[PDB]
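Enquirer: Experimental coordinates follow, after the sequence.
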Amino acid sequence: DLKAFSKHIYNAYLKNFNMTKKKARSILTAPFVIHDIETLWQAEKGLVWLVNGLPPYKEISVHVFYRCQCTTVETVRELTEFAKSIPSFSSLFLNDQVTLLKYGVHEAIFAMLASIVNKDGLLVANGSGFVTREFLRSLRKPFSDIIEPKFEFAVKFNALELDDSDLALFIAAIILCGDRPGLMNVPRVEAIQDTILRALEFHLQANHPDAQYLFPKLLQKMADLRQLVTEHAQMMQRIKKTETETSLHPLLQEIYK
Ligand SMILES: O=C(O)CCCCCOc1ccccc1CN(Cc1ccccc1)C(=O)c1ccc(-c2ccoc2)cc1
Ligand SMILES: CCCCCCCO[C@@H]1O[C@H](CO)[C@@H](O)[C@H](O)[C@H]1O
C-alpha cells in the first residue's frame, strides 16, 4: 500500500508538470543562448518567446525579473495541481492546503527547477532558450543578488543525481510539512509527511542501492531550502520597498504578504 501511495505521487508528478528532469538534462548536454542585451531582445522577438502580457516596460533588469515571476507563478500553478492530485493532500481542509502551498511552493520550486540549471546558466521558455549565469550576474542589484544563491544551491543539489521518481516524493515531502505557520490540523499533516518520508527512504533504497547517506543528505537539503527561501523572502521584501516601479504578480503579493 506504501508502494501504491508512492506510485500515485509519481503519476501525479508526471501528469501535472511540463518538463521532466530527464528531458531537461538531455537538452543541457540546441537552445538559443541569451548572454547579453541583444540576444535577450532577439529571444523576445521570436527566437524564444507572453511579452505583450507583461506589465509595462521599465528596464532590462526589471524585465528579466518579470520573466522570473512568469515562471514561478506558472510553477506554483503546476505545484498546486500536483498537490491536489495527492488524495491525502486533497482530504485536508482548503485553508490548510493554502497554508502548505503558501509556505512550501518556493522551497519546492528551487529544488525542482534545479534540474534546468547547470553552472553556466539555466533553460528558459520550455527549453527553447538558455540564459547564462554570467548575464544574470551582470544585472544591477538587487536583481543579481536574488538570483545567484539559487545557482549555488542548484549545482550542489544536482550533484546528488536524483531522478524524476526521487524528486516526486521529495517535492511531496516539502509541500506536506507540519512546520508551516498557522496550520490547523498539524497532527494530520505531520502524519502525512512521515508517510512520504518513509516512502522516500524506501524508494531511495531500491532506486539508489549503492548511494549511502542519500536520505539524510536530502533531509539536510530540506533544511538548506528553508534557509534559501528565508533569504529569498528577505530580498523580495527589499524589492517591494525600494523598487517602486517594479510590480509584483498578485499571487506573489499574497505569498509575501
Ligand atoms: O519570488 C518569486 O517567485 C518571483 C521572483 C523570483 C526572482 C528570482 O528568480 C530566479 C532566481 C534564480 C534563478 C532563476 C530564477 C527564476 N526562474 C525560476 C527558477 C528558480 C530557481 C532555479 C531555477 C529556476 C526561472 O526559471 C527564470 C526564468 C526566466 C529567466 C529569464 C528570462 C529572460 O532572461 C532571463 C531567468 C530565470
Ligand atoms: C494557489 C495556491 C498558493 C496560494 C499562495 C498565496 C496564499 O496567500 C494567502 O491566502 C490566504 C487566503 O486564503 C490569506 O488569508 C493570506 O493572508 C494570504 O497570505
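Expert: Nice, I can see it. Numbers count the residues shown, from 1 in each chain. Ligands and ions are numbered 1, 2, ... in the order given.

Enquirer: does ligand 2 sit close to stretch 80-87?
Expert: Yes - in terms of C-beta under 6 Å from any ligand atom, part of stretch 80-87 sits within range of ligand 2, namely residue 80. No exception for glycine: its C-beta is placed from N, CA and C like everyone else's.

Enquirer: Whichever residue of the chain sits closest to ligand 2 - how many residues pack around it?
Expert: Using C-beta to the nearest ligand atom, the closest approach of the chain to ligand 2 is made by residue 254 at 3.4 Å. Around residue 254 there are 11 other residues, counting by other C-beta atoms under 10 Å.

Enquirer: for ligand 1, what are the nearby residues on the protein?
Expert: With the criterion set to C-beta under 6 Å from any ligand atom, the chain comes near ligand 1 through 34, 40, 64, 67-69, 71-72, 109-110, 113-114, 116-117, 122, 124, 131, 146-147, 150, 154, 236, 252.

Enquirer: cutoff 5 Å now
Expert: Listed as neighbours of ligand 1 in the chain under the rule C-beta under 5 Å from any ligand atom: 64, 67-69, 71-72, 110, 113, 124, 131, 146-147, 150.

Enquirer: In helices, which of those residues fall?
Expert: Of the positions in the residues of the chain next to ligand 1, 64, 67, 68, 69, 71, 72, 110, 150 sit in helices, assigned by DSSP state H.

Enquirer: residues contacting the third one?
Expert: By C-beta atoms under 8 Å, 6 or more residues apart in numbering, residue 68 lies in contact with residue 147.

Enquirer: again, only this time at 6 Å
Expert: Taking C-beta atoms under 6 Å, 6 or more residues apart in numbering as the criterion, residue 68 is in contact with no other residue.

Enquirer: out of the residues of the chain next to ligand 1, who has the most neighbours?
Expert: Looking at the residues of the chain next to ligand 1 with neighbours defined as other C-beta under 10 Å, the largest count falls to residue 131 at 25 neighbours.

Enquirer: is it true that it touches residue 118?
Expert: No - using C-beta atoms under 6 Å, residue 131 and residue 118 do not qualify as a contacting pair, with a distance of 11.6 Å.

Enquirer: what touches both of those two?
Expert: A shared contact of residue 131 and residue 118, defined by C-beta under 6 Å, 6+ apart, is any residue touching both; here there are none.

Enquirer: gap between residue 48 and residue 41?
Expert: Distance, residue 48 to residue 41, using C-beta to C-beta, to the nearest Å: 11 Å.

Enquirer: May I see the buried residues of stretch 11-27?
Expert: 12, 13, 16, 17, 20, 21, 23, 24, 25 (16 or more other C-beta atoms under 10 Å).

Enquirer: for stretch 165-185, same thing?
Expert: Along stretch 165-185, these residues count as buried under the neighbour rule (16+ other C-beta under 10 Å): 165-178, 180, 183.

Enquirer: Name the nearest of the buried residues of stretch 11-27 relative to residue 80.
Expert: Checking these against residue 80 with C-beta to C-beta, the nearest one is residue 16 at 8.7 Å.

Enquirer: thought the closest one was touching residue 80?
Expert: No - with contacts counted by C-beta under 6 Å, residue 16 stays clear of residue 80, the gap being 8.7 Å.

Enquirer: Which secondary structure elements does the helix ranked longest in the chain sit against?
Expert: With residue count as the measure and DSSP H as the assignment, the chain has helix 214-242 as its longest helix. Packed against helix 214-242 by the contact rule (3 or more C-beta pairs under 6 Å, 6 or more residues apart in numbering; DSSP states H and E) you find helix 94-112, helix 186-207.
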